[PDB]
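>>> Please find the sequence and an experimentally derived structure below.
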Amino acid sequence: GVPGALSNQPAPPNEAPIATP
Amino acid sequence: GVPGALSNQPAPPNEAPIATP
Amino acid sequence: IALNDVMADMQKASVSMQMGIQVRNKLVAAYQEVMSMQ
Amino acid sequence: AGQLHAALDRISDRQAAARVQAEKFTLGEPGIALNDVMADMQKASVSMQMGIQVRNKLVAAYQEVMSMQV
Amino acid sequence: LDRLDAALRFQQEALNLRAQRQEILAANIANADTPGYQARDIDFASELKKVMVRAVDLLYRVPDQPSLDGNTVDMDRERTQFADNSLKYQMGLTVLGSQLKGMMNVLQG
Amino acid sequence: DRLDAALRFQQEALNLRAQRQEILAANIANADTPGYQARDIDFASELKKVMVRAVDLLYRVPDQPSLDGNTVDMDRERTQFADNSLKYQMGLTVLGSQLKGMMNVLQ
Amino acid sequence: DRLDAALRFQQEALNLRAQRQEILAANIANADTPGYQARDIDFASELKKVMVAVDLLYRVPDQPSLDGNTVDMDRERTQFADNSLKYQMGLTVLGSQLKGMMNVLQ
Amino acid sequence: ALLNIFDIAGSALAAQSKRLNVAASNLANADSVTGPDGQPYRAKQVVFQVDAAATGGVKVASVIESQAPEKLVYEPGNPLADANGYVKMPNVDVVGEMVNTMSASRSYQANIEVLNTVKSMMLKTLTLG
Amino acid sequence: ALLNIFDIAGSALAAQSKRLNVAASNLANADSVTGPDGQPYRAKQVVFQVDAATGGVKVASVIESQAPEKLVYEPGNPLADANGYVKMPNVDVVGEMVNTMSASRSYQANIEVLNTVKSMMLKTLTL
Amino acid sequence: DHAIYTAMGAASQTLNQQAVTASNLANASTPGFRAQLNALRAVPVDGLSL
């Protein structure tokens, strides 16, 4: 969906890892 | 015409070339 | 319960009371006129 | 028809409790966070406004019903 | 269940929907710093239609931009929606009041 | 028709003020985008046309060039916005006065 | 009567806050005079006694000074700010109560 | 009923006030050492939870000590020095505390504005008639 | 009407917030020569668009800058190529400094416009 | 609104790097000491939008 709109599914969690395995 | 007035035609794009070809 | 709901209920009660009072007054005035006239 | 009596007693108790809490806070002893007192004051004011509006509405209705002409 | 009831109910339920949406907006703006929070809002048109035909299902707003803490509330957009909903509620209240006053004025003389 | 037309003149003036306000707000919010041309509507001519009647907006002449191609000037737009807001409030006051007088006549 | 009793506590709190403000202003203005002792009042006890002139007592010195003065600027400033804010709150409460009492007459 | 907004905003104000108080205490005791009974001071943080009773306001579950590494200063010339002559210093980040303070202030102001708006709307509803 | 003003101003506020966030991120990462996957950090910029007449603004996408990547010489780092050059981010500083101020000023102008229109609508409500 | 968090994180990491440099400079005369290299590292947050 476009930003600021409505949606029926929650957004996935944000991770922001230091370094990928 | 005088700046700030209203005219029907649009404005040509502004070009500022570094060196004349 | 909701404040808007209670305000709307008060308005409904007032309007219904006005309607009933006006109808009763009109009817009793008509009856009184009928009684007064021979 | 004592329900109006009960309601007015309850709102008076609410606003009196708010006043008591305000006095306790102004006494200079730590039990209040300066937010609960203000929230209670606002709620008491709103409840009192609702009560006076109810009184006005009820007295207007009584005036209308007494103004009948049989 | 006839006349006055429905004629004013169409606006009373609209006011109720505006109030509930306002409460949800207040909740999600007060919870704007808790990590991992999801913005909550409802589709007013569909909700009003479903209520009129005769519990409200709340949808999740798509995040504008990500954050590490997991919160997805957008402060400026939430404030704009809050102001818009407040103005709409006032408009509904005033149109309802004007309509009711017009109805009451008939019961004179 | 009588009351309808007498109120309709001011109603159309107010609606035109609202649409011009919308255009001004749009071109103020979009004041920092390259390739945009400032737009406006000739209020007097448009109102005259509507009074005897989907608006024909036209471009605004630039005053000093910018490389990115933006022609909206913030100071001029702000002055126009303030003028339009004052005109809108004036029209609102006039319409309200006319309606209040019409209502008071019936009393 | 009843009207005076409904507002006596708030009015007395306002008055005592004003007096304590004056005391703080005096003992912050005398910050350079040697031999001058800091002064202040016990607000809670004063308010309770008045609701049931003005008693004032010396402040416990913070650090010694050769001249003899015993006033601490940061402490006085914090007390000043606290008393000012509490005075403002008392004024707001009194104003709201009076506004409600006025509104009840319509 | 639009009245529960007062409860929600009051809970939010209480939570923000507690967070601000904790941050201010951390800033004040950033340089403090050797707390009462000898245990060094440890930086404290709050935890926000939703007071569901669906959706609702924010309350503070408890206060928890941060598990960031605890700083050490080499000063044998001090009775608190350990076997290696290290005095323990709390793990307080001044920038983090200041940012927390600013964010708490902004959220508190936003919530009080929400309260005022809801108060105005409810007064309008009262004066609907 | 005036309801579209709220949409327009909200879109403008969102776009300005995105621009400000991008500028702040570039300033923060202005001197971070690495990435989680080993690729060097590269400056990013948003692209504006008009969302259909006239209307508000929208952010179509965030794209990497095509300016040449500044590179320095040090063989110590394993990230160095065959010639010992590593790639510092090619992010200007004064550009971001002025972008922050411009974004903040536009944000303030848009919110002032929104507040003015809200006041006008409230005054219209009591016609 | 959350750019403040990125800026404060950058400031805190700058302070950490300054502490590392100060540590390297302080023990500049101990025999057989190896310096402590340092370089800022970027971590991008992402998902579902912009």
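Arrived safely. Numbering: from 1, shown residues only, chains lettered A, B, ... in the order given.

>>> Can you name the residues that contact the residue of chain H found nearest chain C?
Using C-beta to the nearest C-beta, the closest approach of chain H to chain C is made by residue H:1 at 4.2 Å. The C-beta positions use only the backbone N, C-alpha and C, and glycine is treated the same way. Taking C-beta atoms under 8 Å, 6 or more residues apart in numbering or on different chains, we find residue H:1 in contact with C:1-3, C:5, E:19.

>>> The residue in chain C that chain B sits nearest to: what's its closest spatial neighbour, skipping adjacent residues?
Chain C approaches chain B most closely through residue C:4 (47.8 Å), counting by C-beta to the nearest C-beta. Nearest residue to residue C:4, sequence neighbours excluded (C-beta to C-beta, 6 or more residues apart in numbering or on different chains): residue E:15, at 4.8 Å.

>>> number of nearby residues for the one you found?
The local packing of residue E:15 (other C-beta atoms under 10 Å in any protein chain shown) involves 23 other residues.

>>> That one against residue C:3, yeah?
No: between residue E:15 and residue C:3 there is no contact under C-beta atoms under 8 Å: 10.0 Å.

>>> ok so, going back, quick one: which helix or strand includes the residue nearest to residue C:4?
In this structure, residue E:15 is located in helix E:4-30 according to DSSP states H and E.

>>> Show me what secondary structure element comes after that helix.
strand E:40-41.

>>> Next, find the distance separating the residue of chain H closest to chain C from chain I.
Separation of residue H:1 from chain I (C-beta to the nearest C-beta, to the nearest Å): 24 Å.

>>> For chain E, which residue occupies the most central location?
residue E:18 (2.5 Å; C-alpha atoms, centre = their mean).

>>> sorry, back to before: so what's the backbone phi/psi at the residue of chain C closest to chain B?
Backbone torsions for residue C:4, taken as degrees, to the nearest 10, come to phi -60, psi -40.

>>> Residue J:38 should be in a helix, yeah?
No: counting by DSSP: H, G, I helix; E, B strand; the rest coil, residue J:38 falls outside a helix, being coil.

>>> residues in contact with it?
J:17, J:20-21.

>>> can you rerun that using 10 Å?
Going by C-beta atoms under 10 Å, 6 or more residues apart in numbering or on different chains, residue J:38 touches J:13, J:16-21, J:24.

>>> try residue H:116
D:42, H:9 are the contacts of residue H:116 under C-beta under 10 Å, 6+ apart.

>>> Determine how far the host helix or strand of it lies from the middle of the whole chain.
Under the criterion DSSP H and E, the helix or strand holding residue H:116 is helix H:94-126. Here helix H:94-126 is found 15 Å from its chain centre; the criterion is C-alpha atoms, centre = their mean, to the nearest Å.

>>> what is the orientation angle of that helix with helix E:4-30?
If you take axes from the mean of the first three to the mean of the last three C-alpha atoms, to 10 degrees, helix H:94-126 sits at 170 degrees to helix E:4-30.

>>> Spatially nearest residue to residue E:4 (excluding sequence neighbours)?
Nearest non-adjacent residue to residue E:4 (C-beta to C-beta, 6+ apart): residue C:15, at 6.6 Å.

>>> ok, and the closest non-adjacent residue to residue E:35?
According to C-beta to C-beta, 6+ apart, the nearest residue to residue E:35 is residue E:69 (3.9 Å).

>>> so when I look at that neighbour, I'm seeing a helix, right?
No: counting by three-state DSSP, residue E:69 is not part of a helix but coil.

>>> Now for the residue in chain A that chain C sits nearest to, how many residues are close by?
Residue nearest to chain C within chain A: residue A:6 (24.8 Å; C-beta to the nearest C-beta). A count of nearby residues for residue A:6, using other C-beta under 10 Å, gives 15.

>>> In contact with it, which residues are there?
If you count contacts by C-beta under 10 Å, 6+ apart, then residue A:6 has E:39, E:41-43, E:46, E:58-62 around it.

>>> cool, and residue H:111?
D:35, E:26, E:29-30, E:32, H:8-13, H:15-16, H:57-58.

>>> of those residues, closest to residue H:39?
residue H:15 (27.6 Å; C-beta to C-beta).

>>> what's the nearest residue to that closest one if we skip its chain neighbours?
Spatial nearest neighbour of residue H:15, chain neighbours left out: residue H:58 (4.7 Å); criterion: C-beta to C-beta, 6+ apart.

>>> same question, residue H:75
Counting by C-beta to C-beta, 6+ apart, the residue nearest residue H:75 is residue H:87, at 5.2 Å.

>>> what's near enough to touch the one you found?
Residues near residue H:87 by C-beta under 10 Å, 6+ apart: H:33-34, H:40, H:71-81.

>>> from those residues, which would you call buried?
Of all the contacts of residue H:87 considered here, none is buried according to neighbour count by 16 or more other C-beta atoms under 10 Å in any protein chain shown.

>>> mind listing which of those are in strands?
Mapping the contacts of residue H:87 onto strands (DSSP state E) picks out H:71-74.

>>> So which of those is the closest to chain E?
Among the ones in strands among the contacts of residue H:87, residue H:71 lies closest to chain E (C-beta to the nearest C-beta), at 24.8 Å.
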